[PDB]
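Just one chain follows, in the form solved without the ligand, and it is written as structure tokens.
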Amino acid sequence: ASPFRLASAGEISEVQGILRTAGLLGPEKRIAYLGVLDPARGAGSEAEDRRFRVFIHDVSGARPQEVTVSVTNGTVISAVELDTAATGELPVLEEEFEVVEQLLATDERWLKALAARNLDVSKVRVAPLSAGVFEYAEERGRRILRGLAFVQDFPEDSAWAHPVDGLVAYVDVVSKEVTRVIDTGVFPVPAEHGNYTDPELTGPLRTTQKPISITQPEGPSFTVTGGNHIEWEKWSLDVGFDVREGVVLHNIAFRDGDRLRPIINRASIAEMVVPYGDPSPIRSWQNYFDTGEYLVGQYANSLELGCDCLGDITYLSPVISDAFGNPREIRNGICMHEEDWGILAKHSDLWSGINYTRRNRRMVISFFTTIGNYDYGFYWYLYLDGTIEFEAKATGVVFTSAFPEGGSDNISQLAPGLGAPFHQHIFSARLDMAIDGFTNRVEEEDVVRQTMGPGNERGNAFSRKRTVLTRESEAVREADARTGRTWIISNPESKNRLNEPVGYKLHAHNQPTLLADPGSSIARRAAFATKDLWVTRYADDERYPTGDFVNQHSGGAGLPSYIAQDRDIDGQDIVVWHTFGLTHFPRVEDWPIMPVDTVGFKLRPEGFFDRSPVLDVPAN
């Protein structure tokens, strides 16, 4: 049908079948990751060769393996044994989070820690956080997780309101042993509850809200064919889904007259880091790689009609694989609908007497993911005028700590005795560019100010400078809001009627990048977050900014290594990597449940079309 179609339950089963028949899926193997591979560069090869990539964990202690399978031919294409102590461990497993509370419950030094605090073990919940690479040399090669405790007064209580400070415990999940229990001191456990559902806290619910009914009596303007192909207002694309990256967009093209023009080949949020700014030994190791370590698409929520998505909604229910190879369906995990977006263009002309007004619309493709305390919304927008935008919505419950008596320079106080450490939410978007084809280049555009004098008189002139990025070694860029720095991706071999290269301009929000000291562990492991834009030559194996195995890997694996190749990017098949995020100094208004905050970027046509592409929109 289409080589970009969503993986079916049948295919997941066939992989389990092929892995089983080839002796790779024994009773002790666990699938840490499984996802389809994208078709190869060279769409000339006719015939579907639907391949999958599988990361197989081993519970007895044996070396894990990276396996590639071809469901079409029913064979295993390759299988490599992995040296995790070198290339990094595999993604964490759902079944492993549950082991850290169980193991520590019967640990003598943990129980002694809780006794000194008069805390009942049946009420202590332990949060299984990923472990970076720090001092501890005995963790190398071993699959570790770290726990932090939160007291839950009753089954429906928000344990986040009761952090147990001064206590951390490392645990080896494979051999199932607690490697350490560190107790720096006793901190009072914040007693105030944080139950945003308790009528005591909420007070009487407002009755002033009248309904806002959004419908489409004739149905949506977009069509879905082949399960995931979308056709909307001249736009064309395929909505894919990977258990690691979540929603992924393929073949984004625009129908310019009698021509389907490609813009972006593949787009996804390829990584996401949440570094913590608390210098305390109890949290200085805290860094979530939501995409790399936990796999974003795995924890996707099922969206509800009227609550999560309002209007005329069309859902997609992606198919994931559980740890044993059985197909698992995320029902209504993808929302799709069109939205009104105010005025698109308007002018009341005095001379002609013509009054013109046109409404704008955007299409929305979204999914939500929950990862421990936080929930994130991923939104992609396509507008009538050719603009493409991405938006991340951060919500959920802020990670808490104890607010030290003397106050703190790295923690916010949210209630009496309750703290919340400073952190960032950093995203990395992978944009496989196909601006009117694969011959693309990136130019950095700066505004330039002119001194009053020769050309200038009056001193009113100002210009713009554009330098082309030619080699990968000079494609690592920093933002500059003062000079209005932006980046244009063009195709030198495709020109508009004015005989100028077609292009698209990238507008960043210019928020701060990674604040962690340059020599820190997190700086090395998340080097991508230290710069706003990276451009690399395309390669099939260069998929993530942090590499393929992020969990407990030591650093350098992603972009810093790809970039060292110093490949030519002037008029080639390039990939743009945009770093963007939020610096969060939690405020009282964020407790007990955090209201949505947002970050993103957008891409607008820069001489792509011959004139305005929305001249043919009617007036409803």
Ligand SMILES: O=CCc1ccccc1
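In this text, the rigid core denotes the largest set of C-alpha atoms whose superposition between the two forms falls within 1.5 Å. Numbering starts at 1 and follows the sequence shown.
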After fitting on the rigid core, pick out whichever of 375 to 383 or 454 to 462 shows the bigger RMS C-alpha deviation in 7 other deposited structures of this protein. 454 to 462
With everything overlaid on the rigid core, name the stretch, 22 to 30 or 63 to 71, whose CA atoms wander farther on average in 7 other deposited structures of this protein. 22 to 30
Looking at the deposited entry, does 470 to 478 or 192 to 200 carry the larger mean Cα B-factor? 192 to 200
Higher-B stretch (mean Cα B-factor, as the entry records it), 15 to 23 or 606 to 614: 15 to 23
Return the residue from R109, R464, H347, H337 that has the highest Cα B-factor in the entry. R109
Per the deposited B-factor column, the C-alpha that peaks among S60, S561, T579, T583 belongs to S60
Based on the deposited C-alpha B factors for this chain, I'd like to know if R30 is in the lowest, middle or highest third. highest
Here the Cα B-factor of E589, set against its chain, lands in the third termed lowest
Please say which third, lowest, middle or highest, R331 falls into when its CA temperature factor is compared across its chain. highest
Relative to the other modelled residues of the same chain, rank the CA B-factor of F134 and answer lowest, middle or highest third. highest
So where's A161 on the chain's Cα temperature factor ranking, which third? lowest
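The protein also exists as the form solved in complex with the ligand; that form is not presented, and the subsequent description refers to it.
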Taking any heavy atom pair closer than or equal to 4.5 Å as contact, tell me whether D532 reaches the ligand in the bound PDB entry. no
4.5 angstroms heavy atom contact with the ligand in the bound PDB entry for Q511: no
Using the partner position in the bound PDB entry, report whether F427 sits within 4.5 Å of the ligand, counting heavy atoms only. no
Quick one: does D290 come within 4.5 Å of the ligand in the bound PDB entry, counting heavy atoms only? yes
Which one, 107 to 115, 247 to 255, 470 to 478, 125 to 133, holds residues whose non-hydrogen atoms are within 4.5 Å of the ligand in the bound PDB entry? 125 to 133
In the bound PDB entry, does every one of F97, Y294 and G372 come within 4.5 Å of the ligand, counting any heavy atom? yes
The unique member of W487, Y544, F241, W160 whose heavy atoms fall within 4.5 Å of the ligand in the bound PDB entry: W160
